[PDB]
$ cat run-v8.csv   # CSV, C-alpha atoms
chain,number,residue,atom,x,y,z
R,58,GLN,CA,14.0,-17.3,1.1
R,59,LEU,CA,10.2,-17.2,1.6
R,60,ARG,CA,9.2,-15.3,4.8
R,61,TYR,CA,6.1,-14.2,6.7
R,62,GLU,CA,6.6,-10.8,8.3
R,63,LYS,CA,4.0,-10.1,11.0
R,64,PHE,CA,3.2,-6.4,11.7
R,65,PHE,CA,0.9,-3.8,13.0
R,66,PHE,CA,-0.1,-1.2,10.4
R,67,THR,CA,-2.0,2.1,10.1
R,68,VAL,CA,-2.6,4.1,7.0
R,69,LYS,CA,-4.3,7.5,6.8
R,70,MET,CA,-4.7,8.8,3.3
R,71,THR,CA,-6.1,12.0,1.7
R,72,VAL,CA,-6.2,12.5,-2.1
R,73,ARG,CA,-7.1,15.8,-3.6
R,74,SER,CA,-8.0,16.0,-7.3
R,75,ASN,CA,-9.1,18.6,-9.8
R,76,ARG,CA,-11.8,16.2,-10.9
R,77,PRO,CA,-13.3,12.8,-9.8
R,78,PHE,CA,-11.3,9.8,-10.9
R,79,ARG,CA,-13.3,7.8,-13.4
R,80,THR,CA,-11.6,4.4,-12.8
R,81,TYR,CA,-9.6,2.7,-10.1
R,82,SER,CA,-6.6,2.7,-12.5
R,83,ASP,CA,-6.7,6.5,-12.3
R,84,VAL,CA,-6.7,6.3,-8.5
R,85,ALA,CA,-3.8,3.9,-8.5
R,86,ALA,CA,-1.8,6.1,-10.9
R,87,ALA,CA,-2.3,9.0,-8.5
R,88,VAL,CA,-1.6,7.3,-5.2
R,89,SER,CA,1.5,5.7,-6.5
R,90,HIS,CA,3.1,9.1,-6.4
R,91,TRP,CA,3.3,8.8,-2.6
R,92,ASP,CA,7.0,7.7,-2.8
R,93,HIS,CA,8.3,10.1,-5.4
R,94,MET,CA,11.6,11.5,-4.0
R,95,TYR,CA,11.4,8.9,-1.2
R,96,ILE,CA,13.4,9.5,1.9
R,97,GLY,CA,11.6,7.2,4.4
R,98,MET,CA,13.0,4.1,6.0
R,99,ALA,CA,14.4,2.0,3.1
R,100,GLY,CA,13.6,-1.3,4.7
R,101,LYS,CA,9.9,-0.2,5.1
R,102,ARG,CA,9.4,0.9,1.5
R,103,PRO,CA,8.1,-2.4,0.3
R,104,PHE,CA,5.5,-2.5,3.1
R,105,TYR,CA,4.5,1.1,2.7
R,106,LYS,CA,3.9,0.4,-1.0
R,107,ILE,CA,1.5,-2.3,0.0
R,108,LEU,CA,-0.3,0.0,2.5
R,109,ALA,CA,-0.6,2.7,-0.1
R,110,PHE,CA,-2.1,0.2,-2.4
R,111,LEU,CA,-4.5,-1.0,0.3
R,112,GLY,CA,-5.5,2.5,1.2
R,113,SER,CA,-6.1,3.4,-2.5
R,114,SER,CA,-8.5,0.4,-2.7
R,115,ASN,CA,-10.6,1.8,0.1
R,116,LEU,CA,-10.6,5.5,-0.8
R,117,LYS,CA,-14.0,7.2,-0.5
R,118,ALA,CA,-15.1,10.6,-1.8
R,119,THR,CA,-15.9,12.9,1.1
R,120,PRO,CA,-19.6,13.4,1.5
R,121,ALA,CA,-20.9,16.5,-0.3
R,128,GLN,CA,-12.5,20.2,-5.1
R,129,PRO,CA,-13.0,16.4,-5.0
R,130,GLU,CA,-11.4,14.9,-1.9
R,131,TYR,CA,-10.9,11.3,-1.0
R,132,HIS,CA,-10.1,9.6,2.3
R,133,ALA,CA,-9.1,6.2,3.6
R,134,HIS,CA,-8.0,5.1,7.1
R,135,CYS,CA,-7.1,1.4,7.6
R,136,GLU,CA,-5.6,-0.2,10.8
R,137,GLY,CA,-4.8,-3.7,12.0
R,138,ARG,CA,-2.3,-6.5,12.2
R,139,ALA,CA,-1.3,-8.9,9.3
R,140,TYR,CA,1.3,-11.2,7.8
R,141,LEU,CA,3.1,-10.5,4.5
R,142,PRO,CA,4.5,-13.4,2.5
R,143,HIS,CA,7.6,-12.2,0.6
R,144,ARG,CA,11.0,-13.1,-0.7
R,145,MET,CA,13.0,-9.9,0.0
R,146,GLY,CA,15.2,-11.4,2.7
R,147,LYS,CA,15.3,-10.7,6.4
R,148,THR,CA,13.6,-7.4,7.2
R,149,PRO,CA,15.4,-5.0,9.6
R,150,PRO,CA,13.5,-4.3,12.8
R,151,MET,CA,10.6,-1.9,12.3
R,152,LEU,CA,9.9,0.6,15.0
R,153,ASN,CA,6.6,2.3,15.8
R,154,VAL,CA,7.6,5.7,14.2
R,155,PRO,CA,5.0,7.3,11.9
R,156,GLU,CA,6.2,8.6,8.5
R,157,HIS,CA,4.5,11.1,6.2
R,158,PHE,CA,4.4,11.3,2.5
R,159,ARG,CA,2.9,14.3,0.7
R,160,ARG,CA,3.5,14.6,-3.0
R,161,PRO,CA,1.7,16.0,-6.1
R,162,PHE,CA,0.6,14.0,-9.1
R,163,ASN,CA,-0.4,14.9,-12.7
R,164,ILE,CA,-1.6,11.9,-14.8
R,165,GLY,CA,-3.4,13.6,-17.6
R,166,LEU,CA,-7.1,14.4,-16.9
R,167,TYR,CA,-6.3,14.4,-13.2
R,168,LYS,CA,-3.8,16.4,-11.1
R,169,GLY,CA,-3.6,17.1,-7.4
R,170,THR,CA,-1.9,15.7,-4.4
R,171,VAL,CA,-1.7,12.6,-2.2
R,172,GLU,CA,-1.0,12.7,1.5
R,173,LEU,CA,-0.2,9.6,3.4
R,174,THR,CA,0.7,9.1,7.0
R,175,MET,CA,1.7,5.4,7.7
R,176,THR,CA,3.0,3.4,10.5
R,177,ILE,CA,4.3,-0.2,10.4
R,178,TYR,CA,6.2,-2.0,13.2
R,179,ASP,CA,6.9,-5.6,14.1
R,180,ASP,CA,4.1,-7.7,15.7
R,181,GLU,CA,5.2,-10.5,18.0
R,182,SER,CA,1.7,-11.2,19.4
R,183,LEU,CA,2.0,-14.6,17.8
R,184,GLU,CA,-1.8,-14.6,17.8
R,185,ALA,CA,-3.9,-15.3,14.7
R,186,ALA,CA,-3.3,-12.5,12.2
R,187,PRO,CA,-4.9,-12.4,8.7
R,188,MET,CA,-2.9,-12.3,5.5
R,189,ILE,CA,-2.5,-8.7,4.3
R,190,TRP,CA,-3.7,-9.7,0.8
R,191,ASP,CA,-7.1,-10.7,2.3
R,192,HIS,CA,-7.8,-7.1,2.9
R,193,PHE,CA,-7.8,-6.7,-0.9
R,194,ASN,CA,-11.0,-7.7,-2.5
R,195,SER,CA,-9.2,-7.5,-5.9
R,196,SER,CA,-6.7,-10.2,-4.8
R,197,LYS,CA,-9.1,-12.9,-5.9
R,198,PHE,CA,-8.2,-12.3,-9.5
R,199,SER,CA,-5.1,-12.9,-11.5
R,200,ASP,CA,-5.0,-9.3,-12.7
R,201,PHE,CA,-4.2,-8.3,-9.1
R,202,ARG,CA,-0.7,-8.6,-10.5
R,203,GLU,CA,-1.2,-5.7,-12.8
R,204,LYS,CA,-2.6,-3.4,-10.1
R,205,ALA,CA,0.2,-4.3,-7.6
R,206,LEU,CA,2.8,-3.4,-10.3
R,207,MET,CA,1.2,0.1,-10.5
R,208,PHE,CA,2.8,0.6,-7.1
R,209,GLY,CA,6.1,-1.0,-8.0
R,210,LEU,CA,5.2,-4.3,-6.5
R,211,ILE,CA,5.9,-7.7,-8.1
R,212,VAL,CA,3.5,-10.3,-6.7
R,213,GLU,CA,3.0,-13.9,-7.7
R,214,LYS,CA,0.7,-16.7,-6.4
R,215,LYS,CA,2.7,-19.7,-5.3
R,216,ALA,CA,1.4,-23.2,-4.5
R,217,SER,CA,-2.0,-23.3,-2.8
R,218,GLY,CA,-3.0,-19.8,-4.0
R,219,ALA,CA,-1.8,-17.1,-1.6
R,220,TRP,CA,0.0,-14.1,-3.1
R,221,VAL,CA,3.7,-13.6,-2.3
R,222,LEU,CA,5.5,-10.3,-2.6
R,223,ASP,CA,8.4,-11.5,-4.7
R,224,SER,CA,10.1,-8.0,-4.8
R,225,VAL,CA,9.9,-4.4,-5.6
R,226,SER,CA,10.3,-3.6,-9.3
R,227,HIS,CA,12.9,-0.9,-8.4

$ encode --input "run-v8.csv" --output "structure tokens"
Amino acid sequence: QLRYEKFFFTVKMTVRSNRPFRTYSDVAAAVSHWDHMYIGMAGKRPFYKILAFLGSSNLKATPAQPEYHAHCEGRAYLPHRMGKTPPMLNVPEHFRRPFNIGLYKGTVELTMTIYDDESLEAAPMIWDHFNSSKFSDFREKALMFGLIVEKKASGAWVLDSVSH
């Protein structure tokens, strides 16, 4: 049941916090609120989770109240075992929710797009966009977003399933 979904993706993220996050763990805890009362395309949720995770890894504090931004775009393959994925249309969805994780509270705003790519031309593995994927603990970080990843034979991470 192992598959490789090829897709185009765009993720625009803005995180607003009362104070600067001290660790990536804080950033992940906040960004993972993006799909609280989720009403987006069910079939796309696993992928959006990945994109939110990716965006969170590339958030940068706006030059010179703290605000963070990330914008990531491209094509990639995703190895997973969630079964055949329903067709994915190029229809942008928006997710704007609040978060309160202790010392930090604010909001996360994500506009994402993901739709099937048939280009059949060389496309990198989504995981390769994650610098943190080169370590075994990438597992723990992915789980912060409700993602269960595992590395099969010959390395390479595979999205086994969503935790919920």

$ closest_residue --input "run-v8.csv" --among "R:199, R:194, R:217, R:182" --to "residue 140 in chain R" --atoms "only C-alpha atoms"
R:182

$ closest_residue --input "run-v8.csv" --among "R:132, R:147, R:63, R:73" --to "residue 100 in chain R" --atoms "all atoms listed in the file"
R:147

$ closest_residue --input "run-v8.csv" --among "R:65, R:190, R:110, R:162" --to "residue 142 in chain R" --atoms "only C-alpha atoms"
R:190

$ closest_residue --input "run-v8.csv" --among "R:152, R:185, R:177, R:68" --to "residue 109 in chain R" --atoms "all atoms listed in the file"
R:68

$ atom_distance --input "run-v8.csv" --atom1 "CA of residue 74 in chain R" --atom2 "CA of residue 157 in chain R"
19.0 Å

$ atom_distance --input "run-v8.csv" --atom1 "CA of residue 136 in chain R" --atom2 "CA of residue 69 in chain R"
8.8 Å

$ residues_around --input "run-v8.csv" --residues "range 93-98 of chain R" --least-positions-apart "4" --cutoff "8 Å" --atoms "only C-alpha atoms" --output "list in words"
residues 102, 156 and 160 of chain R

$ residues_around --input "run-v8.csv" --residues "residue 144 in chain R" --least-positions-apart "6" --cutoff "12 Å" --atoms "only C-alpha atoms" --output "list in words"
residues 58, 59, 60, 61, 62, 103, 211, 212, 213, 215, 220, 221, 222, 223, 224 and 225 of chain R

$ closest_residue --input "run-v8.csv" --among "R:208, R:131, R:105, R:193" --to "residue 75 in chain R" --atoms "only C-alpha atoms"
R:131

$ atom_distance --input "run-v8.csv" --atom1 "CA of residue 112 in chain R" --atom2 "CA of residue 133 in chain R"
5.7 Å

$ residues_near_point --input "run-v8.csv" --point "(-13.0, 12.8, -17.1)" --cutoff "12 Å" --atoms "only C-alpha atoms" --output "VMD selection string"
chain R and resid 74 to 80 83 164 to 168

$ closest_residue --input "run-v8.csv" --among "R:89, R:113, R:118, R:64" --to "residue 161 in chain R" --atoms "all atoms listed in the file"
R:89

$ decode --input "run-v8.csv" --residues "range 185-197 of chain R" --atoms "C-alpha atoms" --output "compact mmCIF listing (two decimals), in the first residue's frame"
# COMPACT_ATOMS: atom_id res chain seq x y z
CA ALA R 185 12.03 14.92 -11.74
CA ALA R 186 10.53 16.16 -8.48
CA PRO R 187 12.33 16.10 -5.11
CA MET R 188 11.02 14.18 -2.12
CA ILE R 189 9.03 16.50 0.15
CA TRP R 190 11.13 15.34 3.12
CA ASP R 191 14.27 16.74 1.48
CA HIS R 192 12.95 20.25 2.15
CA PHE R 193 13.27 19.47 5.86
CA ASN R 194 16.80 19.94 7.17
CA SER R 195 15.64 18.16 10.33
CA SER R 196 14.73 15.01 8.40
CA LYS R 197 18.32 13.77 8.61
